[PDB]
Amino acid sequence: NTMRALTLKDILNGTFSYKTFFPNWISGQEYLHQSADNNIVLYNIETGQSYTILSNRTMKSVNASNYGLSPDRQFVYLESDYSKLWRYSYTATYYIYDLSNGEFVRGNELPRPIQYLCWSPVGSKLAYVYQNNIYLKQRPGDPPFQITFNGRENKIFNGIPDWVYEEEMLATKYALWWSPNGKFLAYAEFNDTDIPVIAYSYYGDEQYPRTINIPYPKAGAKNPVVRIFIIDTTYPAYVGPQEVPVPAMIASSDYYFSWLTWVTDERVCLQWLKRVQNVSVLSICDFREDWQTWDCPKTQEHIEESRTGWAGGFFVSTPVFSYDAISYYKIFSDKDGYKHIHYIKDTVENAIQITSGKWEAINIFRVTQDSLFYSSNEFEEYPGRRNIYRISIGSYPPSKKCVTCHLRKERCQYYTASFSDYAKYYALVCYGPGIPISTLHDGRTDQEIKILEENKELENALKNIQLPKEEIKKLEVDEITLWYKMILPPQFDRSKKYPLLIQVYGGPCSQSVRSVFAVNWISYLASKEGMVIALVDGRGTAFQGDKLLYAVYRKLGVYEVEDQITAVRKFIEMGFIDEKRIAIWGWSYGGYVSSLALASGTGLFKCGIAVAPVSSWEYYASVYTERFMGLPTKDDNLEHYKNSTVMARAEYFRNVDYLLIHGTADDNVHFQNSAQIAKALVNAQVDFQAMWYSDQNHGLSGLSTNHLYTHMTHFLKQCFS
């Protein structure tokens, strides 16, 4: 064979895709996995042997795409008829299979379509959502008991989140949680009745288009109301569902429900977040026997507030409880402003700092009897790497071990972990910089037992490909460090002038300079079209302390734009960039940033591309916008909501080539955002190129993705030649 450059076709077909192995743990030494001919194999690590538990002929009999083994292993649910709704939500038909009998569960059949379904943590209890209502099945073939009755489509939601909670708050399709032993079922009740709706046309394949209404609260609009209830699953008819008391300081004004964490069958932990998202409350509630309800004392309310910015990051960090079920470990900012692990027993005041330094603790994976596992930046001071650490708890001389630092140093510096029951064994998934690799380790010695997915097919395929060189370096301008990823063309010469493309996102709590392997569009642009690509992380980006993160608080569309400009000026003075041929592209938040950078009036960028951009913070969800911007009122931050729009910079797009793209059925960043930019450019008498994608979601999935990346390539090749 002969070495060849990447093609656009290779990227669109996903020829250089990688496989990942996350074991579906069922016990401390057992896990499930789908085989090549679609069977379900049960691998036991201690015994070393595997067996088929659910055959391909049983899955094909009902056109099943997914499965779910019950904890007691008596039954397995068969998921078929997947019908996607929003980012996480989907509807499906569920078939219970009796493994012990060798036949499907016939009788009090499950309805269709089911919005969410799950087993209890022990036994064969079932909980499901149908027509925004929760139902309970003690045994698979038993008639269901209806828990909720007010569920109405697009108005009252039970057991599943509404649009805004699914997207910006919970980031999941469910809103119900079983207690550790299935004694209680906790759930949430969302009321979207008075929220204004977003309406958009869906053309489809019928003579007339249909309107799609979604209750969506834009910045400052009426928000949904939430009521968390806990019902006794053993005797639901006795006292019924009990509402969980909301803390006095949370209920004083509008509030959000952050997350629910079960501690024991008689103790649950709820997190609340005031509408002004700079103060969160961790309330611990205990079950009482004299009232059959949940008592929430003032003594068990732990406040976490941020005087500089917002509480947490994308979410308010969840606590990981100790074996004693009274104390917990949580990640939050220290005195210096770095998000580190703390240990809280009684009160927040007496919290003990577990990790410290000019780096951040990202996630706590497991809190065992003697070990604590977590991921961090620490290794070699690179904020874009992720490594797994293991620290001792309770032992007199403490231990601290980096499991993955030197596991495969050159190839692997971005890991994630998946723990078996009680951390007896665990799996590490390496995502880059090299070819991703999934391995399985002993939970006591950290030793690698076997390679789950090595990716030898992708390694051989890439042999004859001229992949670009990726470099993660930093710039130090005016006490502000800018980390950047530069993608260089094959056979790169520091004496030549290369056209430059900037890929931007820059949204608060984000990070785009990571040691992650990816064979994407910008890899093709550097491999075949000889372009230099750059990704810069400035103010507002996460994992480098709160001074960097909270710098964009109430000032969106200002520093993230300036930092891309500062970086381009620095890349130009390196000598290998053609100052005449520079471009910037982005999607969503990156579409807002590239539009503002292109209309900055600096003359650095020749052309720019904005895909589904945000044009004004008055058009985005209250949950995201108000977290980083505040209220759009005269008494608060209305002034900056008006000054931070793309439409106010319309006259500045006169000598630059602008390409504006947006999907007509975008439920997340509505088409209204691009419709307003286009209207402002028309009024300003400014020429630009545009593209719409009919009936397409925010991500433009399908043949639209092909068309988009082809259309953008044509625009860049014209701009650069």
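All residue numbers are counted from 1 along the displayed sequence.
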Determine, for stretches 52 to 60 and 684 to 692, which one has the higher mean CA B-factor as deposited.
52 to 60
Comparing 25 to 33 with 674 to 682, the one whose average Cα B-factor in the PDB entry is higher
25 to 33
Residue with highest C-alpha B-factor in the PDB entry, from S512, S615, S317, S80:
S80
Comparing C-alpha B-factors across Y589, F492, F517, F257 in this entry, the winner is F492
For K155, return the chain-relative third of its C-alpha B-factor as stated in the PDB record: lowest, middle or highest.
highest
Using the temperature factors of the C-alpha atoms in this entry, rank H441 within its chain: lowest, middle or highest third.
lowest
Among the chain's modelled residues, which third holds the C-alpha B-factor of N655?
middle
Ordered by C-alpha B-factor within the chain, which third holds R539? Give me lowest, middle or highest, please.
middle
Tell me, lowest, middle or highest third: where does the Cα B factor of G240 rank within its chain?
highest
